[PDB]
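Here we start with a single chain on its own, the form deposited in one PDB entry, put down as structure tokens.
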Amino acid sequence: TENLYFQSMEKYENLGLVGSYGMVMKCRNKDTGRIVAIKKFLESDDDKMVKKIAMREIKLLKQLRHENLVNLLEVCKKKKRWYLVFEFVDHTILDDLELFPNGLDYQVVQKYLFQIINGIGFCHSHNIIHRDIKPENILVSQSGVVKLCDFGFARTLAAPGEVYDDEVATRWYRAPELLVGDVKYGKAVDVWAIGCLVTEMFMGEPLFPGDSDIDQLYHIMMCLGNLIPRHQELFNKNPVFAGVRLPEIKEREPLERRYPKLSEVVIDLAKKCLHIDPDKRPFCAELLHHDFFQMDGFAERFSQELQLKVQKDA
């Protein structure tokens, strides 16, 4: 079955390159009519140890089955190349943000955020750090079901140049530990990224839109103050930053000063996610029990709502 063995690509037709997401093809199932999204995973099966490691990744995808994650449907082979087949979701959060220049309605933000935190939380409990949270990487169904894509397979088989392209593309959402070169980052980098989406979704403005990694740090520190000493040490030892000094800042512009209309509950949520010290950020499950989701029983009501959406939407 679609779970047991490699399937064939004969039943698929190409419909233009999806997206952003590397080489991800939009295809249609000739037999079912189902529209799908196909990514090229392996170039060559030949390397015996390589294949060994690919099966390790595929096995993990098949175990990351969740309502708020794009589903891997099947794996196909053609010649020496392997292709992962994912579901095709209607649109992205970025698409909604471009229709709504003043930000999203409060309840739409609650529903999108709750789902994002839920999907990320599941990743963390399976020892996966998503590392690529941004509006374009968060898909939305016609029924409003959020689905996270792009977490691990393509990134491992990637060039030093693809690593570099990724870091540039996610620049605005990268936590300070990443920007200074901490290679022992943890799950907390996703929480930071979620923090970034809070004010963006409400205000229709990116939070820290820097032009470079030094400029990114500057935007972060102007709002949130000095980096922790561990981060300063990494910065000073990082060849990327040779001849560059960390921002000194006389005047901090705190978040509530920048967005004085935002309620204290919303500000509190963002600040929790945006701790400069990643140890001080909450974990995902704690976030879902913030007042922002719990006032007027939103989280409870919405969990039931979401379960019916999911079952009739799929």
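Between two forms, the rigid core is defined as the largest C-alpha subset superposing within 1.5 Å. One rule holds for the numbers: they count along the sequence shown, beginning at 1.
Count the deposited residues lacking coordinates between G19 and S20 and you get 1 to 3 of them. When 255-263 is weighed against 277-285, 255-263 comes out higher, by mean CA B-factor as recorded in the entry. Relative to its counterpart among 142-150 and 200-208, 142-150 has the higher mean temperature factor, C-alpha atoms as listed in the PDB entry. In the PDB entry, the Cα temperature factor peaks, among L157, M222, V240, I116, at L157. Set against one another, the Cα B-factors of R230, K78, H124, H91 in the record reach their highest point at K78.
The PDB entry assigns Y12 a C-alpha temperature factor belonging to the highest third of its chain's modelled residues.
Compared with the other modelled residues of the chain, the Cα B-factor recorded for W82 ranks in the highest third. When the modelled residues of the chain are ordered by C-alpha B-factor, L269 sits in the lowest third.
Here the subject shifts to the form deposited in another entry, a form of this protein not shown in this document.
Once the core is superposed between the shown form and the other one, every option in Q63, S44, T32, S263 stays below 2 Å in C-alpha shift except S44. Positional change of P206 between the shown form and the other one stays under 2 Å at the C-alpha, relative to the superposed core. For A285, a C-alpha deviation below 2 angstroms is recorded between the shown form and the other one after rigid-core alignment. Once both forms are fitted on their rigid core, the CA atom of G186 lies less than 2 Å apart between the shown form and the other one.
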